[PDB]
>>> print(open('coords-v9.txt').read())   # compact mmCIF, C-alpha atoms and all ligand atoms
# COMPACT_ATOMS: atom_id res chain seq x y z
CA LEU G 3 -1.01 24.50 27.23
CA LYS G 4 -2.90 21.98 25.06
CA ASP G 5 0.15 20.88 22.99
CA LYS G 6 0.68 17.91 25.37
CA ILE G 7 -2.33 16.01 23.96
CA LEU G 8 -0.60 15.43 20.58
CA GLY G 9 2.08 13.12 22.06
CA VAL G 10 -0.49 10.63 23.36
CA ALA G 11 -2.28 10.95 20.00
CA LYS G 12 0.74 10.37 17.70
CA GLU G 13 1.68 7.50 20.05
CA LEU G 14 -1.81 5.95 20.10
CA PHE G 15 -2.50 6.35 16.35
CA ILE G 16 0.78 4.57 15.54
CA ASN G 18 -3.33 1.02 17.41
CA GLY G 19 -4.87 2.90 14.46
CA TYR G 20 -7.44 5.57 13.62
CA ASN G 21 -10.52 3.55 14.55
CA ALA G 22 -9.09 1.91 17.70
CA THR G 23 -7.92 5.20 19.24
CA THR G 24 -10.79 7.46 20.25
CA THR G 25 -11.67 10.79 21.92
CA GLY G 26 -12.07 9.03 25.28
CA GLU G 27 -8.69 7.32 25.25
CA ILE G 28 -7.07 10.55 24.00
CA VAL G 29 -8.32 12.55 27.00
CA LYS G 30 -8.58 10.09 29.91
CA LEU G 31 -5.17 8.58 29.03
CA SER G 32 -3.71 12.11 29.18
CA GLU G 33 -5.83 14.10 31.72
CA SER G 34 -7.50 16.99 29.86
CA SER G 35 -11.10 18.26 29.74
CA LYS G 36 -13.49 17.15 26.98
CA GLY G 37 -14.03 20.76 25.89
CA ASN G 38 -10.35 21.77 26.08
CA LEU G 39 -9.71 19.63 22.98
CA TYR G 40 -11.29 22.22 20.65
CA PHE G 43 -8.96 21.60 16.55
CA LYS G 44 -12.66 20.63 16.74
CA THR G 45 -13.22 17.15 15.24
CA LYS G 46 -11.04 14.03 15.53
CA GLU G 47 -10.27 14.24 11.81
CA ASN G 48 -9.09 17.83 12.38
CA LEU G 49 -6.76 16.66 15.19
CA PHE G 50 -5.40 13.74 13.22
CA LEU G 51 -4.98 15.89 10.10
CA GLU G 52 -3.00 18.40 12.21
CA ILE G 53 -0.62 15.66 13.46
CA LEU G 54 0.19 14.65 9.87
CA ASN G 55 1.62 18.14 9.28
CA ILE G 56 3.83 18.24 12.39
CA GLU G 57 5.19 14.82 11.36
CA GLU G 58 5.32 15.69 7.65
CA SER G 59 7.31 18.83 8.55
CA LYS G 60 9.58 17.05 11.05
CA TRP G 61 10.56 14.53 8.35
CA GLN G 62 10.86 17.23 5.70
CA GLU G 63 13.30 19.25 7.84
CA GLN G 64 15.25 16.11 8.79
CA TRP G 65 15.68 15.46 5.07
CA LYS G 66 17.01 19.01 4.62
CA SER G 67 19.51 18.39 7.45
CA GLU G 68 20.67 15.07 5.96
CA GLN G 69 20.60 15.58 2.16
CA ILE G 70 23.86 17.55 1.78
CA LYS G 71 25.68 14.22 2.04
CA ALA G 72 24.09 13.37 -1.32
CA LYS G 73 26.33 15.29 -3.74
CA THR G 74 24.30 14.99 -6.96
CA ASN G 75 20.54 14.71 -7.50
CA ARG G 76 20.92 11.04 -8.52
CA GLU G 77 22.38 10.31 -5.09
CA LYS G 78 19.66 12.41 -3.39
CA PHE G 79 16.97 10.21 -4.97
CA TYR G 80 18.61 7.01 -3.69
CA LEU G 81 19.12 8.54 -0.25
CA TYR G 82 15.66 10.11 0.27
CA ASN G 83 14.26 6.67 -0.50
CA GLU G 84 16.76 4.92 1.83
CA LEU G 85 16.25 7.35 4.71
CA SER G 86 12.47 6.94 4.12
CA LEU G 87 12.75 3.47 5.67
CA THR G 88 14.78 4.47 8.75
CA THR G 89 12.95 7.69 9.79
CA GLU G 90 10.53 7.83 12.70
CA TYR G 91 8.68 10.72 11.07
CA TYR G 92 5.54 10.56 8.89
CA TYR G 93 6.09 7.16 7.26
CA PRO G 94 5.26 5.24 10.49
CA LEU G 95 1.71 6.67 10.48
CA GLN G 96 0.96 5.65 6.88
CA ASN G 97 -1.12 2.66 8.03
CA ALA G 98 -3.39 5.01 10.03
CA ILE G 99 -3.93 7.20 6.96
CA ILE G 100 -5.12 4.25 4.83
CA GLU G 101 -8.05 3.85 7.26
CA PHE G 102 -8.81 7.56 7.21
CA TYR G 103 -8.48 7.70 3.41
CA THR G 104 -11.12 5.00 3.02
CA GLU G 105 -13.52 5.87 5.87
CA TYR G 106 -13.78 9.43 7.28
CA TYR G 107 -14.02 11.28 3.94
CA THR G 109 -16.85 14.98 4.61
CA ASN G 110 -15.75 16.55 1.31
CA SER G 111 -13.74 19.48 2.74
CA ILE G 112 -11.30 17.07 4.42
CA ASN G 113 -10.29 15.71 0.98
CA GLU G 114 -9.27 19.11 -0.43
CA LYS G 115 -7.77 20.13 2.94
CA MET G 116 -5.31 17.21 3.00
CA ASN G 117 -4.49 17.38 -0.72
CA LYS G 118 -2.09 20.20 0.27
CA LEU G 119 -0.49 17.62 2.61
CA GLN G 120 -0.07 15.33 -0.41
CA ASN G 121 1.64 18.01 -2.55
CA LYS G 122 4.04 18.63 0.35
CA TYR G 123 5.10 14.97 0.27
CA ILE G 124 5.93 15.01 -3.46
CA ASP G 125 7.91 18.30 -3.36
CA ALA G 126 10.89 16.33 -2.09
CA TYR G 127 10.89 14.59 -5.49
CA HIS G 128 9.71 17.63 -7.47
CA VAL G 129 12.79 19.61 -6.40
CA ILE G 130 15.05 16.64 -7.12
CA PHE G 131 13.79 15.92 -10.62
CA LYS G 132 13.61 19.61 -11.60
CA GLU G 133 17.22 20.05 -10.40
CA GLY G 134 18.25 17.03 -12.46
CA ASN G 135 16.86 18.67 -15.59
CA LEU G 136 18.85 21.78 -14.51
CA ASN G 137 22.11 20.09 -13.43
CA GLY G 138 21.89 17.91 -16.57
CA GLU G 139 21.59 14.44 -14.99
CA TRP G 140 18.45 13.47 -16.88
CA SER G 141 15.57 15.01 -18.79
CA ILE G 142 12.05 14.60 -17.41
CA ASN G 143 9.21 15.91 -19.61
CA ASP G 144 6.33 15.83 -17.08
CA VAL G 145 7.90 16.11 -13.61
CA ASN G 146 4.82 16.56 -11.39
CA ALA G 147 3.55 13.28 -12.88
CA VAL G 148 6.86 11.42 -12.47
CA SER G 149 7.02 12.66 -8.86
CA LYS G 150 3.55 11.42 -7.95
CA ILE G 151 4.70 7.99 -9.22
CA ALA G 152 8.13 7.84 -7.57
CA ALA G 153 6.64 8.94 -4.25
CA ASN G 154 3.74 6.48 -4.16
CA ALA G 155 5.94 3.72 -5.56
CA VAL G 156 8.38 4.38 -2.70
CA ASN G 157 5.67 4.61 -0.03
CA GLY G 158 4.66 1.15 -1.26
CA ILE G 159 8.08 -0.38 -0.64
CA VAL G 160 8.21 1.21 2.82
CA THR G 161 4.74 0.35 4.10
CA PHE G 162 4.07 -3.07 2.58
CA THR G 163 7.26 -4.78 3.85
CA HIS G 164 7.04 -3.93 7.61
CA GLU G 165 7.76 -7.59 8.47
CA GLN G 166 11.36 -8.53 7.49
CA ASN G 167 15.10 -7.85 7.98
CA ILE G 168 15.90 -4.13 7.70
CA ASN G 169 19.19 -4.62 5.83
CA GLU G 170 17.20 -6.44 3.11
CA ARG G 171 14.52 -3.70 2.95
CA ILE G 172 17.23 -1.16 2.13
CA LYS G 173 18.69 -3.41 -0.60
CA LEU G 174 15.29 -3.74 -2.30
CA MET G 175 14.74 0.02 -2.07
CA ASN G 176 18.19 0.65 -3.56
CA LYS G 177 17.47 -1.74 -6.44
CA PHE G 178 14.15 0.06 -7.08
CA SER G 179 15.80 3.49 -6.96
CA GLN G 180 18.26 2.15 -9.56
CA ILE G 181 15.67 0.63 -11.90
CA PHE G 182 13.31 3.61 -11.76
CA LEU G 183 15.94 6.24 -12.29
CA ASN G 184 17.40 4.29 -15.21
CA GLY G 185 13.99 4.24 -16.93
CA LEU G 186 14.37 8.00 -17.48
CA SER G 187 17.79 7.97 -19.19
CA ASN W 2 -21.16 -27.61 2.28
CA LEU W 3 -21.47 -26.44 5.93
CA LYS W 4 -17.83 -25.31 5.84
CA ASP W 5 -18.34 -23.55 2.48
CA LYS W 6 -21.66 -22.04 3.58
CA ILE W 7 -20.00 -20.51 6.68
CA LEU W 8 -17.24 -18.99 4.53
CA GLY W 9 -19.86 -17.76 2.07
CA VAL W 10 -22.12 -16.23 4.70
CA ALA W 11 -19.13 -14.83 6.60
CA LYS W 12 -17.89 -13.14 3.44
CA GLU W 13 -21.15 -11.36 2.65
CA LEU W 14 -21.48 -10.52 6.37
CA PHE W 15 -18.02 -8.97 6.48
CA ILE W 16 -18.71 -7.00 3.26
CA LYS W 17 -21.91 -5.47 4.62
CA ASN W 18 -20.78 -4.90 8.22
CA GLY W 19 -16.94 -4.89 8.42
CA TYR W 20 -14.56 -7.14 10.39
CA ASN W 21 -14.93 -5.80 13.90
CA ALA W 22 -18.73 -5.62 13.66
CA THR W 23 -19.46 -9.10 12.28
CA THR W 24 -19.96 -11.51 15.20
CA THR W 25 -19.46 -15.29 15.44
CA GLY W 26 -23.06 -15.66 16.60
CA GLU W 27 -24.23 -14.02 13.38
CA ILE W 28 -22.05 -16.29 11.29
CA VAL W 29 -23.24 -19.29 13.28
CA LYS W 30 -26.96 -18.62 13.01
CA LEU W 31 -27.10 -17.38 9.40
CA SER W 32 -25.24 -20.44 8.06
CA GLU W 33 -27.48 -22.63 10.27
CA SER W 34 -24.43 -24.10 11.97
CA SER W 35 -23.03 -24.04 15.52
CA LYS W 36 -20.18 -22.43 17.50
CA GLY W 37 -18.67 -25.93 17.83
CA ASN W 38 -18.53 -26.54 14.07
CA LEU W 39 -17.01 -23.09 13.69
CA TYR W 40 -14.33 -23.78 16.32
CA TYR W 41 -13.66 -27.14 14.71
CA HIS W 42 -12.94 -25.70 11.27
CA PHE W 43 -11.51 -22.30 12.09
CA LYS W 44 -10.89 -21.95 15.86
CA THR W 45 -11.12 -18.16 15.74
CA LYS W 46 -12.79 -15.39 13.75
CA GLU W 47 -9.21 -14.22 13.15
CA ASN W 48 -8.47 -17.45 11.29
CA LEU W 49 -11.83 -17.78 9.57
CA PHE W 50 -11.15 -14.43 7.94
CA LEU W 51 -7.76 -15.62 6.62
CA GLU W 52 -9.44 -18.60 4.94
CA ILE W 53 -11.81 -16.22 3.11
CA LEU W 54 -8.79 -14.14 2.09
CA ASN W 55 -7.19 -17.34 0.74
CA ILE W 56 -10.33 -18.37 -1.17
CA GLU W 57 -10.38 -14.91 -2.80
CA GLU W 58 -6.69 -15.14 -3.60
CA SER W 59 -7.35 -18.27 -5.64
CA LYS W 60 -10.32 -16.66 -7.38
CA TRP W 61 -7.92 -13.89 -8.37
CA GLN W 62 -5.29 -16.17 -9.87
CA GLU W 63 -8.16 -17.97 -11.61
CA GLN W 64 -9.38 -14.60 -12.94
CA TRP W 65 -5.91 -13.54 -14.01
CA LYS W 66 -5.16 -16.78 -15.91
CA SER W 67 -8.23 -16.01 -18.06
CA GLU W 68 -7.63 -12.28 -18.51
CA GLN W 69 -3.93 -12.63 -19.42
CA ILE W 70 -4.82 -14.39 -22.70
CA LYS W 71 -5.56 -10.83 -23.89
CA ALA W 72 -1.87 -9.91 -23.42
CA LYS W 73 0.42 -11.67 -25.90
CA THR W 74 3.90 -10.66 -24.73
CA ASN W 75 5.19 -10.60 -21.15
CA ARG W 76 5.68 -6.84 -21.58
CA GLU W 77 1.99 -6.55 -22.34
CA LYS W 78 1.12 -8.82 -19.39
CA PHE W 79 3.02 -6.60 -16.93
CA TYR W 80 1.13 -3.56 -18.21
CA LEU W 81 -2.25 -5.30 -17.92
CA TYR W 82 -1.75 -6.82 -14.49
CA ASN W 83 -0.83 -3.49 -12.95
CA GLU W 84 -3.94 -1.99 -14.57
CA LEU W 85 -6.20 -4.75 -13.28
CA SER W 86 -4.87 -4.21 -9.78
CA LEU W 87 -5.63 -0.50 -10.05
CA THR W 88 -9.21 -0.98 -11.34
CA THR W 89 -9.99 -3.58 -8.67
CA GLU W 90 -9.60 -1.25 -5.67
CA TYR W 91 -12.59 0.82 -6.82
CA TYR W 92 -15.13 -2.02 -6.46
CA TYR W 93 -13.64 -4.80 -4.34
CA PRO W 94 -15.98 -4.95 -1.35
CA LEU W 95 -13.80 -6.89 1.13
CA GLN W 96 -11.33 -4.03 0.59
CA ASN W 97 -12.57 -2.19 3.70
CA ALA W 98 -12.81 -5.27 5.92
CA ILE W 99 -9.22 -6.14 4.94
CA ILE W 100 -7.85 -2.78 6.11
CA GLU W 101 -9.61 -3.29 9.47
CA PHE W 102 -8.16 -6.78 9.92
CA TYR W 103 -4.69 -5.95 8.59
CA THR W 104 -4.30 -3.10 11.10
CA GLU W 105 -5.97 -4.90 14.02
CA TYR W 106 -3.52 -7.88 14.00
CA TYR W 107 -0.09 -7.02 12.44
CA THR W 109 0.95 -10.48 16.61
CA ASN W 110 3.77 -12.33 14.80
CA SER W 111 1.49 -15.41 14.52
CA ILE W 112 -1.30 -13.84 12.44
CA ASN W 113 1.27 -11.79 10.49
CA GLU W 114 2.98 -15.05 9.44
CA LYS W 115 0.08 -16.23 7.29
CA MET W 116 -0.64 -12.72 5.99
CA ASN W 117 2.86 -12.68 4.50
CA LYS W 118 2.47 -16.17 2.98
CA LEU W 119 -0.74 -14.81 1.41
CA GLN W 120 1.01 -11.96 -0.38
CA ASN W 121 3.63 -14.37 -1.75
CA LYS W 122 0.95 -15.85 -3.98
CA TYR W 123 0.29 -12.32 -5.30
CA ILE W 124 4.00 -11.78 -5.88
CA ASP W 125 4.26 -15.13 -7.70
CA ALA W 126 2.26 -13.52 -10.52
CA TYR W 127 5.15 -11.15 -11.36
CA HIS W 128 7.68 -13.88 -10.71
CA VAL W 129 6.16 -15.70 -13.68
CA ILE W 130 5.91 -12.66 -15.95
CA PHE W 131 9.54 -11.70 -15.32
CA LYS W 132 10.76 -15.31 -15.59
CA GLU W 133 8.91 -15.92 -18.84
CA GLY W 134 10.10 -12.61 -20.30
CA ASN W 135 13.70 -13.77 -19.70
CA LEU W 136 13.14 -17.00 -21.69
CA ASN W 137 11.56 -15.23 -24.68
CA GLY W 138 14.25 -12.55 -24.40
CA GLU W 139 12.13 -9.49 -23.63
CA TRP W 140 14.60 -8.47 -20.91
CA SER W 141 17.61 -9.50 -18.83
CA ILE W 142 16.85 -9.95 -15.15
CA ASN W 143 19.48 -11.92 -13.28
CA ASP W 144 17.44 -11.50 -10.06
CA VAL W 145 13.76 -12.22 -10.76
CA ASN W 146 12.70 -12.73 -7.11
CA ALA W 147 13.71 -9.25 -5.87
CA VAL W 148 12.43 -7.32 -8.89
CA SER W 149 9.18 -9.26 -8.36
CA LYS W 150 8.99 -8.15 -4.70
CA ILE W 151 9.65 -4.54 -5.75
CA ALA W 152 7.17 -4.43 -8.63
CA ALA W 153 4.47 -5.91 -6.40
CA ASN W 154 4.85 -3.28 -3.69
CA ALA W 155 5.51 -0.44 -6.11
CA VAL W 156 2.18 -1.15 -7.83
CA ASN W 157 0.32 -1.64 -4.51
CA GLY W 158 1.68 1.71 -3.33
CA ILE W 159 0.44 3.49 -6.45
CA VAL W 160 -2.97 1.84 -6.16
CA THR W 161 -3.35 2.54 -2.43
CA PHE W 162 -1.83 6.03 -1.90
CA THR W 163 -3.49 7.78 -4.86
CA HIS W 164 -7.14 7.99 -3.72
CA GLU W 165 -7.71 11.62 -4.84
CA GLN W 166 -7.68 11.74 -8.66
CA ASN W 167 -10.32 10.65 -11.17
CA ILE W 168 -9.88 7.12 -12.51
CA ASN W 169 -8.75 8.36 -15.94
CA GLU W 170 -5.67 10.09 -14.55
CA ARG W 171 -4.74 7.18 -12.28
CA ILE W 172 -4.66 4.64 -15.10
CA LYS W 173 -2.55 7.18 -17.03
CA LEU W 174 -0.06 7.32 -14.12
CA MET W 175 0.05 3.57 -13.53
CA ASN W 176 0.83 2.94 -17.19
CA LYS W 177 3.54 5.65 -17.10
CA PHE W 178 5.04 3.83 -14.12
CA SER W 179 4.77 0.51 -15.90
CA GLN W 180 6.56 2.21 -18.79
CA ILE W 181 9.42 3.72 -16.74
CA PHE W 182 9.96 0.65 -14.61
CA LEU W 183 9.86 -1.89 -17.38
CA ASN W 184 12.06 0.35 -19.53
CA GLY W 185 14.82 0.53 -16.92
CA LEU W 186 15.57 -3.23 -16.90
CA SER W 187 18.05 -3.16 -19.84
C1 LIG G 201 -12.47 -9.60 -9.43
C2 LIG G 201 -11.78 -10.17 -8.21
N1 LIG G 201 -11.09 -9.09 -7.53
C3 LIG G 201 -10.23 -9.17 -6.47
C4 LIG G 201 -9.74 -7.93 -6.06
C5 LIG G 201 -8.86 -7.82 -5.00
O1 LIG G 201 -8.46 -6.67 -4.68
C6 LIG G 201 -7.66 -6.43 -3.74
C7 LIG G 201 -7.29 -5.10 -3.49
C8 LIG G 201 -6.41 -4.78 -2.46
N2 LIG G 201 -6.14 -3.44 -2.31
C9 LIG G 201 -5.26 -2.79 -1.34
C10 LIG G 201 -5.86 -2.74 0.05
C11 LIG G 201 -5.89 -5.82 -1.67
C12 LIG G 201 -4.93 -5.58 -0.54
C13 LIG G 201 -6.26 -7.15 -1.93
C14 LIG G 201 -7.14 -7.47 -2.96
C15 LIG G 201 -7.54 -8.79 -3.26
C16 LIG G 201 -7.03 -9.95 -2.48
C17 LIG G 201 -7.80 -10.45 -1.43
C18 LIG G 201 -7.35 -11.53 -0.69
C19 LIG G 201 -6.14 -12.13 -0.99
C20 LIG G 201 -5.37 -11.64 -2.03
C21 LIG G 201 -5.81 -10.55 -2.79
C22 LIG G 201 -4.91 -10.08 -3.92
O2 LIG G 201 -5.10 -9.07 -4.58
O3 LIG G 201 -3.77 -10.90 -4.25
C23 LIG G 201 -4.07 -12.05 -5.05
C24 LIG G 201 -2.81 -12.66 -5.62
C25 LIG G 201 -8.44 -8.97 -4.32
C26 LIG G 201 -8.92 -10.22 -4.73
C27 LIG G 201 -9.82 -10.33 -5.81
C28 LIG G 201 -10.31 -11.70 -6.20
>>> encode(input="coords-v9.txt", output="structure tokens")
Amino acid sequence: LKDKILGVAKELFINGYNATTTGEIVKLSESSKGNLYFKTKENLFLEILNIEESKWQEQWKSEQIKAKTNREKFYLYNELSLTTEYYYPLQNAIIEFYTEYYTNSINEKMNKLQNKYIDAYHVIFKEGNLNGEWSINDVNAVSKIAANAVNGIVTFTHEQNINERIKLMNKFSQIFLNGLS
Amino acid sequence: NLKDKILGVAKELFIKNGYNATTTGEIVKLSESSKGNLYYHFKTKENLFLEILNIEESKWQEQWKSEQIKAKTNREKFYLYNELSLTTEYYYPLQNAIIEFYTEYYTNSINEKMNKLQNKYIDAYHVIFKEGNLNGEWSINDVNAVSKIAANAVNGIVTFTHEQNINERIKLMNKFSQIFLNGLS
């Protein structure tokens, strides 16, 4: 029954973490105070990141076959990253959470959510070493970089023409990938 | 000095209490000023904050100009700048008040000046890349884009890697600086 609440949450969060609150989440939704018990707010929010992280991650599975090689897949995952409505449009809300509501158990809990977000790149780079497109020496490192680099392009340019955004991402994808060969 | 005092008191107020918490009345009283003189200079708390952010911006470029003497070549400069940016986040106090503000207003009016404010930060790369071209450290026939990219690539690495110990994160950032810079030839 209580799956309805998440829609108002995902919606509201993408106003921010601070601005949205347990009151708004219930009253603007119609559900008892107790019924919402994921116990804490940071347990609710952290749950939403997974449903959106998964949604994106299965959209990428459904769209990546168009990329024939791994080199194309890298370009594409980064392009698609800009256009998706999953995960990446919450990233602002995380930055607040990252640097405010962080209990020590929450840190370790959502580190698994981090490792999920790199595995897109981990698979790609490993497969490149396999399919013979390049030779990475420390992949899990190079993935952490490519990912966070990319997240940077996506998040910190949410205020200009979308055709341009894609061009800058493409250029990055090209530079980065070339730095490995 | 009543303008500068307000900015100065506002800053330390924001640092201690955060954007949303700090009130105009507090700023007014503690700087021994008046709501009028505040409205005259700044109009809104929204704007006052931007002026602080611009003062700090200039302190940064001032700081950089001094620190970059340490790095001889433009290759070295690029490495060092990206490091400095990474180390910063750990102890910059306005950090938290900036995240509040940034998310509370990104209004096409307020967002206008926030963009103009990042262009000064991008101009740092723009120089490094430009000057590297002239000494022949690389060939970039498109210095403005690659500047935009580098800026946001670094900022992404700084901001979205708040789990590891500082040793590891400097190791990553330099590995990025290595890969990126390498793939320009
Ligand atoms: C020892 C002095 N250390 C400094 C450290 C700083 O760290 C910053 C970290 C950040 N971390 C991510 C949230 C963001 C956004 C801005 C920062 C600024 C900053 C603030 C206002 C305007 C521009 C900048 C800025 O960095 O750009 C200047 C060109 C900043 C400024 C100074 C002086």
>>> residues_around(input="coords-v9.txt", residues="residue W:42", least_positions_apart="5", cutoff="12 Å", atoms="only C-alpha atoms", output="list in words")
residues 3, 4, 5, 7, 8, 34, 35, 36, 37, 48, 49, 50 and 52 of chain W
>>> write_last_selection(input="coords-v9.txt", atoms="C-alpha atoms", output="PDB file, keeping the file's coordinate frame")
ATOM      1  CA  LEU W   3     -21.470 -26.440   5.930  1.00  0.00           C
ATOM      2  CA  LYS W   4     -17.830 -25.310   5.840  1.00  0.00           C
ATOM      3  CA  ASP W   5     -18.340 -23.550   2.480  1.00  0.00           C
ATOM      4  CA  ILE W   7     -20.000 -20.510   6.680  1.00  0.00           C
ATOM      5  CA  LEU W   8     -17.240 -18.990   4.530  1.00  0.00           C
ATOM      6  CA  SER W  34     -24.430 -24.100  11.970  1.00  0.00           C
ATOM      7  CA  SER W  35     -23.030 -24.040  15.520  1.00  0.00           C
ATOM      8  CA  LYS W  36     -20.180 -22.430  17.500  1.00  0.00           C
ATOM      9  CA  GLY W  37     -18.670 -25.930  17.830  1.00  0.00           C
ATOM     10  CA  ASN W  48      -8.470 -17.450  11.290  1.00  0.00           C
ATOM     11  CA  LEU W  49     -11.830 -17.780   9.570  1.00  0.00           C
ATOM     12  CA  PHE W  50     -11.150 -14.430   7.940  1.00  0.00           C
ATOM     13  CA  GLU W  52      -9.440 -18.600   4.940  1.00  0.00           C
TER      14      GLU W  52
END
>>> residues_near_point(input="coords-v9.txt", point="(-20.7, -1.2, 0.4)", cutoff="7 Å", atoms="only C-alpha atoms", output="ChimeraX atom specification")
/W:16-17,94
>>> interface_residues(input="coords-v9.txt", of="chain W", to="chain G", cutoff="6 Å", atoms="only C-alpha atoms", output="PyMOL selection string")
chain W and resi 154-155+158-159+181-182+184-185
>>> write_last_selection(input="coords-v9.txt", atoms="C-alpha atoms", output="mmCIF file, in the frame of the given file")
data_model
loop_
_atom_site.group_PDB
_atom_site.id
_atom_site.type_symbol
_atom_site.label_atom_id
_atom_site.label_comp_id
_atom_site.auth_asym_id
_atom_site.auth_seq_id
_atom_site.Cartn_x
_atom_site.Cartn_y
_atom_site.Cartn_z
ATOM 1 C CA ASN W 154 4.850 -3.280 -3.690
ATOM 2 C CA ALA W 155 5.510 -0.440 -6.110
ATOM 3 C CA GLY W 158 1.680 1.710 -3.330
ATOM 4 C CA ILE W 159 0.440 3.490 -6.450
ATOM 5 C CA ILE W 181 9.420 3.720 -16.740
ATOM 6 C CA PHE W 182 9.960 0.650 -14.610
ATOM 7 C CA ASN W 184 12.060 0.350 -19.530
ATOM 8 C CA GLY W 185 14.820 0.530 -16.920
#
>>> residues_near_ligand(input="coords-v9.txt", ligand="ligand LIG 201 (chain G)", cutoff="7 Å", atoms="only C-alpha atoms and all ligand atoms", output="PDB file with C-alpha atoms, in the frame of the given file")
ATOM      1  CA  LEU W  54      -8.790 -14.140   2.090  1.00  0.00           C
ATOM      2  CA  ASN W  55      -7.190 -17.340   0.740  1.00  0.00           C
ATOM      3  CA  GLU W  57     -10.380 -14.910  -2.800  1.00  0.00           C
ATOM      4  CA  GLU W  58      -6.690 -15.140  -3.600  1.00  0.00           C
ATOM      5  CA  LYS W  60     -10.320 -16.660  -7.380  1.00  0.00           C
ATOM      6  CA  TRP W  61      -7.920 -13.890  -8.370  1.00  0.00           C
ATOM      7  CA  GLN W  62      -5.290 -16.170  -9.870  1.00  0.00           C
ATOM      8  CA  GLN W  64      -9.380 -14.600 -12.940  1.00  0.00           C
ATOM      9  CA  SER W  86      -4.870  -4.210  -9.780  1.00  0.00           C
ATOM     10  CA  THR W  89      -9.990  -3.580  -8.670  1.00  0.00           C
ATOM     11  CA  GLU W  90      -9.600  -1.250  -5.670  1.00  0.00           C
ATOM     12  CA  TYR W  93     -13.640  -4.800  -4.340  1.00  0.00           C
ATOM     13  CA  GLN W  96     -11.330  -4.030   0.590  1.00  0.00           C
ATOM     14  CA  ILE W  99      -9.220  -6.140   4.940  1.00  0.00           C
ATOM     15  CA  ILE W 100      -7.850  -2.780   6.110  1.00  0.00           C
ATOM     16  CA  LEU W 119      -0.740 -14.810   1.410  1.00  0.00           C
ATOM     17  CA  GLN W 120       1.010 -11.960  -0.380  1.00  0.00           C
ATOM     18  CA  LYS W 122       0.950 -15.850  -3.980  1.00  0.00           C
ATOM     19  CA  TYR W 123       0.290 -12.320  -5.300  1.00  0.00           C
ATOM     20  CA  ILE W 124       4.000 -11.780  -5.880  1.00  0.00           C
ATOM     21  CA  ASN W 157       0.320  -1.640  -4.510  1.00  0.00           C
ATOM     22  CA  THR W 161      -3.350   2.540  -2.430  1.00  0.00           C
TER      23      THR W 161
END
>>> closest_residue(input="coords-v9.txt", among="W:147, W:95, W:156, W:72", to="residue G:176", atoms="only C-alpha atoms")
W:147
>>> atom_distance(input="coords-v9.txt", atom1="atom CA of residue G:78", atom2="atom CA of residue G:59")
18.3 Å
>>> residues_around(input="coords-v9.txt", residues="residue G:136", least_positions_apart="6", cutoff="12 Å", atoms="all atoms listed in the file", output="list in words")
residues 74, 75, 129, 130 and 142 of chain G
>>> atom_distance(input="coords-v9.txt", atom1="atom CA of residue W:140", atom2="atom CA of residue G:144")
26.0 Å
>>> axis_aligned_box(input="coords-v9.txt", around="stretch 107-125 of chain G", padding_each_side="4 Å", output="JSON")
{"center_x": -4.5, "center_y": 15.7, "center_z": 0.6, "size_x": 32.8, "size_y": 16.9, "size_z": 16.1}
>>> atom_distance(input="coords-v9.txt", atom1="atom CA of residue G:86", atom2="atom CA of residue G:65")
9.2 Å
>>> residues_around(input="coords-v9.txt", residues="residue W:80", least_positions_apart="6", cutoff="8 Å", atoms="all atoms listed in the file", output="ChimeraX atom specification")
/W:176,179-180
>>> write_last_selection(input="coords-v9.txt", atoms="C-alpha atoms", output="compact mmCIF listing (two decimals), in the coordinates of the input")
# COMPACT_ATOMS: atom_id res chain seq x y z
CA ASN W 176 0.83 2.94 -17.19
CA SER W 179 4.77 0.51 -15.90
CA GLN W 180 6.56 2.21 -18.79
>>> residues_around(input="coords-v9.txt", residues="residue W:144", least_positions_apart="4", cutoff="12 Å", atoms="only C-alpha atoms", output="ChimeraX atom specification")
/G:174,177 /W:128,131-132,135,140,148-151,186
>>> closest_residue(input="coords-v9.txt", among="G:149, G:89, G:45, G:83", to="residue G:63", atoms="all atoms listed in the file")
G:89
>>> residues_around(input="coords-v9.txt", residues="residue G:134", least_positions_apart="5", cutoff="8 Å", atoms="all atoms listed in the file", output="compact mmCIF listing (two decimals) with C-alpha atoms, keeping the file's coordinate frame")
# COMPACT_ATOMS: atom_id res chain seq x y z
CA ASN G 75 20.54 14.71 -7.50
CA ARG G 76 20.92 11.04 -8.52
CA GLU G 139 21.59 14.44 -14.99
CA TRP G 140 18.45 13.47 -16.88
CA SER G 141 15.57 15.01 -18.79
>>> closest_residue(input="coords-v9.txt", among="W:91, W:138, W:56, W:85", to="residue W:69", atoms="all atoms listed in the file")
W:85
